[PDB]
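Listing of query02.pdb, PDB, C-alpha atoms
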```pdb
ATOM      1  CA  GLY C   1      57.086 -42.890 -18.351
ATOM      2  CA  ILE C   2      56.999 -43.819 -14.694
ATOM      3  CA  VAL C   3      55.930 -47.383 -15.288
ATOM      4  CA  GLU C   4      58.817 -48.114 -17.649
ATOM      5  CA  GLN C   5      61.290 -46.462 -15.259
ATOM      6  CA  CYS C   6      60.047 -47.612 -11.905
ATOM      7  CA  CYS C   7      57.937 -50.739 -12.411
ATOM      8  CA  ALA C   8      59.480 -52.451 -15.430
ATOM      9  CA  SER C   9      62.906 -51.288 -14.284
ATOM     10  CA  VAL C  10      64.311 -50.368 -10.841
ATOM     11  CA  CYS C  11      63.079 -47.033  -9.533
ATOM     12  CA  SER C  12      65.184 -44.219  -8.074
ATOM     13  CA  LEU C  13      64.553 -41.239  -5.821
ATOM     14  CA  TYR C  14      65.795 -38.956  -8.481
ATOM     15  CA  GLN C  15      63.131 -40.265 -10.861
ATOM     16  CA  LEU C  16      60.388 -40.509  -8.308
ATOM     17  CA  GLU C  17      60.811 -36.820  -7.427
ATOM     18  CA  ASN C  18      60.243 -35.862 -11.030
ATOM     19  CA  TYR C  19      56.618 -36.712 -10.406
ATOM     20  CA  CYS C  20      56.156 -34.582  -7.291
ATOM     21  CA  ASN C  21      54.187 -31.358  -7.792
TER      22      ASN C  21
ATOM     23  CA  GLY S   1      40.897 -28.881  -3.050
ATOM     24  CA  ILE S   2      40.794 -32.629  -2.626
ATOM     25  CA  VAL S   3      41.720 -32.571   1.026
ATOM     26  CA  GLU S   4      38.900 -30.198   1.955
ATOM     27  CA  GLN S   5      36.412 -32.227  -0.105
ATOM     28  CA  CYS S   6      37.464 -35.759   0.626
ATOM     29  CA  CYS S   7      39.446 -35.776   3.874
ATOM     30  CA  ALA S   8      37.948 -32.947   5.919
ATOM     31  CA  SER S   9      34.537 -33.767   4.473
ATOM     32  CA  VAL S  10      33.038 -36.986   3.036
ATOM     33  CA  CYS S  11      34.369 -37.889  -0.393
ATOM     34  CA  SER S  12      32.339 -38.858  -3.463
ATOM     35  CA  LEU S  13      33.016 -40.716  -6.694
ATOM     36  CA  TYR S  14      31.989 -37.719  -8.642
ATOM     37  CA  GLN S  15      34.684 -35.662  -6.914
ATOM     38  CA  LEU S  16      37.307 -38.349  -6.910
ATOM     39  CA  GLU S  17      37.020 -38.704 -10.698
ATOM     40  CA  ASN S  18      37.776 -35.035 -11.133
ATOM     41  CA  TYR S  19      41.330 -35.936 -10.230
ATOM     42  CA  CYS S  20      41.764 -38.754 -12.744
ATOM     43  CA  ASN S  21      43.898 -37.915 -15.788
TER      44      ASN S  21
ATOM     45  CA  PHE H   1      35.165 -47.308  -0.091
ATOM     46  CA  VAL H   2      34.690 -43.859  -1.685
ATOM     47  CA  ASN H   3      31.837 -42.383   0.341
ATOM     48  CA  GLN H   4      33.731 -41.663   3.496
ATOM     49  CA  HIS H   5      36.447 -39.431   4.870
ATOM     50  CA  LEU H   6      39.630 -40.373   3.006
ATOM     51  CA  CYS H   7      42.939 -38.951   4.134
ATOM     52  CA  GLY H   8      46.581 -39.486   3.250
ATOM     53  CA  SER H   9      47.369 -42.927   1.993
ATOM     54  CA  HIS H  10      43.698 -43.813   2.178
ATOM     55  CA  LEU H  11      42.850 -41.097  -0.300
ATOM     56  CA  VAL H  12      45.704 -41.932  -2.552
ATOM     57  CA  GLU H  13      44.559 -45.561  -2.511
ATOM     58  CA  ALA H  14      40.989 -44.609  -3.519
ATOM     59  CA  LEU H  15      42.277 -42.496  -6.383
ATOM     60  CA  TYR H  16      44.420 -45.352  -7.564
ATOM     61  CA  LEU H  17      41.528 -47.799  -7.618
ATOM     62  CA  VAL H  18      38.981 -45.456  -9.152
ATOM     63  CA  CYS H  19      41.169 -43.912 -11.768
ATOM     64  CA  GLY H  20      42.805 -47.141 -12.952
ATOM     65  CA  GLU H  21      44.900 -46.904 -16.070
ATOM     66  CA  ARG H  22      44.114 -43.176 -16.326
ATOM     67  CA  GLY H  23      46.151 -42.413 -13.276
ATOM     68  CA  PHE H  24      45.493 -39.330 -11.254
ATOM     69  CA  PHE H  25      46.883 -36.208  -9.672
ATOM     70  CA  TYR H  26      47.095 -35.793  -5.883
ATOM     71  CA  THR H  27      47.333 -32.080  -5.051
ATOM     72  CA  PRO H  28      46.859 -31.633  -1.362
ATOM     73  CA  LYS H  29      48.088 -27.980  -1.346
ATOM     74  CA  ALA H  30      45.774 -26.921  -4.276
TER      75      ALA H  30
ATOM     76  CA  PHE M   1      61.837 -48.563  -0.283
ATOM     77  CA  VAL M   2      62.535 -46.543  -3.461
ATOM     78  CA  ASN M   3      65.369 -48.482  -5.083
ATOM     79  CA  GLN M   4      63.384 -51.420  -6.303
ATOM     80  CA  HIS M   5      60.721 -52.355  -8.809
ATOM     81  CA  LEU M   6      57.576 -50.489  -7.750
ATOM     82  CA  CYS M   7      54.293 -51.261  -9.446
ATOM     83  CA  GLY M   8      50.669 -50.290  -8.942
ATOM     84  CA  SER M   9      49.774 -49.472  -5.397
ATOM     85  CA  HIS M  10      53.389 -49.944  -4.396
ATOM     86  CA  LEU M  11      54.461 -47.165  -6.713
ATOM     87  CA  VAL M  12      51.665 -44.916  -5.694
ATOM     88  CA  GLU M  13      52.639 -45.498  -2.062
ATOM     89  CA  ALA M  14      56.287 -44.538  -2.722
ATOM     90  CA  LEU M  15      55.215 -41.359  -4.475
ATOM     91  CA  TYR M  16      52.991 -40.475  -1.574
ATOM     92  CA  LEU M  17      55.767 -40.884   0.973
ATOM     93  CA  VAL M  18      58.479 -39.168  -1.034
ATOM     94  CA  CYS M  19      56.472 -36.271  -2.294
ATOM     95  CA  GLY M  20      54.738 -35.457   0.998
ATOM     96  CA  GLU M  21      52.783 -32.242   1.103
ATOM     97  CA  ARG M  22      53.750 -31.523  -2.520
ATOM     98  CA  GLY M  23      51.630 -34.346  -3.773
ATOM     99  CA  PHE M  24      52.347 -35.962  -7.074
ATOM    100  CA  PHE M  25      51.040 -37.044 -10.437
ATOM    101  CA  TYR M  26      50.695 -40.729 -11.373
ATOM    102  CA  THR M  27      50.596 -41.042 -15.171
ATOM    103  CA  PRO M  28      50.940 -44.656 -16.098
ATOM    104  CA  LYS M  29      49.883 -44.123 -19.765
ATOM    105  CA  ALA M  30      52.359 -41.187 -20.320
TER     106      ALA M  30
END
```

Could you render the structure as structure tokens?
Amino acid sequence: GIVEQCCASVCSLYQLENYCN
Amino acid sequence: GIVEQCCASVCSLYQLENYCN
Amino acid sequence: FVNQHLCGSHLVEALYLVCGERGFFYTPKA
Amino acid sequence: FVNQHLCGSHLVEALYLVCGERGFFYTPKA
């Protein structure tokens, strides 16, 4: 999930936007 | 929604917790 | 920190602290 | 600000700024 992708690894805009409503 | 209840008006724990997963 | 007007990042920050490992949803349009 | 390790409040803060009026969901267990 987001923690594995953005905290444990380097985040991206592409991935961040997957969590916008 | 949350803005009306917690930003435009005074928030509460009870209400805040309604938005926890 | 909760029993006040909370807007924008302030609101998001309160949700983060209260909800903890649960996480939360921030739906300002809904 | 996005292309780095973002944890906790830092992550929540990035979501807030990117997502804007859409809002977001923060699901750290999922």

TODO: Compile the residues of chain C that lie within 10 Å of chain H, evaluated using only C-alpha atoms, and express the compilation as a PyMOL selection string.
DONE: chain C and resi 19-21

Once you have the residues from the selection above, write them out as a short mmCIF file (atom, residue, chain, number, x, y, z; two decimals), in the coordinates of the input, restricted to C-alpha atoms.
```
data_model
loop_
_atom_site.label_atom_id
_atom_site.label_comp_id
_atom_site.auth_asym_id
_atom_site.auth_seq_id
_atom_site.Cartn_x
_atom_site.Cartn_y
_atom_site.Cartn_z
CA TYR C 19 56.62 -36.71 -10.41
CA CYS C 20 56.16 -34.58 -7.29
CA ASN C 21 54.19 -31.36 -7.79
#
```

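The gap separating atom CA of residue 5 of chain S from atom CA of residue 18 of chain S is 11.5 Å, in Å to one decimal.
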
Open item on the list: Report, in Å with one decimal, the straight-line distance from atom CA of residue 13 of chain S to atom CA of residue 4 of chain C.
Closed with: 29.0 Å

Just add N, CA, C and O atoms to segment 7-19 of chain M and send it as a PDB file, in the coordinates of the input.
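Produced file part-v4.pdb, reproduced below:
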```pdb
ATOM      1  N   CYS M   7      55.406 -51.207  -8.519  1.00  0.00           N
ATOM      2  CA  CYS M   7      54.293 -51.261  -9.446  1.00  0.00           C
ATOM      3  C   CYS M   7      52.972 -51.035  -8.745  1.00  0.00           C
ATOM      4  O   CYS M   7      52.811 -51.422  -7.575  1.00  0.00           O
ATOM      5  N   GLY M   8      52.043 -50.410  -9.452  1.00  0.00           N
ATOM      6  CA  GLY M   8      50.669 -50.290  -8.942  1.00  0.00           C
ATOM      7  C   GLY M   8      50.620 -49.567  -7.631  1.00  0.00           C
ATOM      8  O   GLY M   8      51.216 -48.501  -7.476  1.00  0.00           O
ATOM      9  N   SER M   9      49.912 -50.137  -6.665  1.00  0.00           N
ATOM     10  CA  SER M   9      49.774 -49.472  -5.397  1.00  0.00           C
ATOM     11  C   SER M   9      51.111 -49.248  -4.713  1.00  0.00           C
ATOM     12  O   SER M   9      51.264 -48.320  -3.908  1.00  0.00           O
ATOM     13  N   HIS M  10      52.085 -50.090  -5.022  1.00  0.00           N
ATOM     14  CA  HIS M  10      53.389 -49.944  -4.396  1.00  0.00           C
ATOM     15  C   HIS M  10      54.081 -48.660  -4.848  1.00  0.00           C
ATOM     16  O   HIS M  10      54.789 -48.000  -4.091  1.00  0.00           O
ATOM     17  N   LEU M  11      53.915 -48.348  -6.114  1.00  0.00           N
ATOM     18  CA  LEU M  11      54.461 -47.165  -6.713  1.00  0.00           C
ATOM     19  C   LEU M  11      53.756 -45.923  -6.190  1.00  0.00           C
ATOM     20  O   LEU M  11      54.406 -44.939  -5.841  1.00  0.00           O
ATOM     21  N   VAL M  12      52.425 -45.987  -6.203  1.00  0.00           N
ATOM     22  CA  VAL M  12      51.665 -44.916  -5.694  1.00  0.00           C
ATOM     23  C   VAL M  12      52.049 -44.623  -4.240  1.00  0.00           C
ATOM     24  O   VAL M  12      52.131 -43.456  -3.850  1.00  0.00           O
ATOM     25  N   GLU M  13      52.290 -45.661  -3.460  1.00  0.00           N
ATOM     26  CA  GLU M  13      52.639 -45.498  -2.062  1.00  0.00           C
ATOM     27  C   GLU M  13      54.022 -44.820  -1.879  1.00  0.00           C
ATOM     28  O   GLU M  13      54.229 -44.035  -0.958  1.00  0.00           O
ATOM     29  N   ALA M  14      54.967 -45.159  -2.741  1.00  0.00           N
ATOM     30  CA  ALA M  14      56.287 -44.538  -2.722  1.00  0.00           C
ATOM     31  C   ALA M  14      56.197 -43.074  -3.091  1.00  0.00           C
ATOM     32  O   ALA M  14      56.839 -42.231  -2.446  1.00  0.00           O
ATOM     33  N   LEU M  15      55.435 -42.742  -4.131  1.00  0.00           N
ATOM     34  CA  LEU M  15      55.215 -41.359  -4.475  1.00  0.00           C
ATOM     35  C   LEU M  15      54.623 -40.583  -3.334  1.00  0.00           C
ATOM     36  O   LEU M  15      55.043 -39.450  -3.045  1.00  0.00           O
ATOM     37  N   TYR M  16      53.628 -41.152  -2.675  1.00  0.00           N
ATOM     38  CA  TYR M  16      52.991 -40.475  -1.574  1.00  0.00           C
ATOM     39  C   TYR M  16      53.986 -40.136  -0.474  1.00  0.00           C
ATOM     40  O   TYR M  16      54.044 -38.995   0.029  1.00  0.00           O
ATOM     41  N   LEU M  17      54.813 -41.117  -0.120  1.00  0.00           N
ATOM     42  CA  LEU M  17      55.767 -40.884   0.973  1.00  0.00           C
ATOM     43  C   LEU M  17      56.869 -39.942   0.605  1.00  0.00           C
ATOM     44  O   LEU M  17      57.261 -39.102   1.423  1.00  0.00           O
ATOM     45  N   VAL M  18      57.371 -40.065  -0.597  1.00  0.00           N
ATOM     46  CA  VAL M  18      58.479 -39.168  -1.034  1.00  0.00           C
ATOM     47  C   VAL M  18      58.036 -37.751  -1.234  1.00  0.00           C
ATOM     48  O   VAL M  18      58.697 -36.801  -0.816  1.00  0.00           O
ATOM     49  N   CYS M  19      56.893 -37.589  -1.869  1.00  0.00           N
ATOM     50  CA  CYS M  19      56.472 -36.271  -2.294  1.00  0.00           C
ATOM     51  C   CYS M  19      55.854 -35.469  -1.160  1.00  0.00           C
ATOM     52  O   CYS M  19      55.841 -34.258  -1.209  1.00  0.00           O
TER      53      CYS M  19
END
```
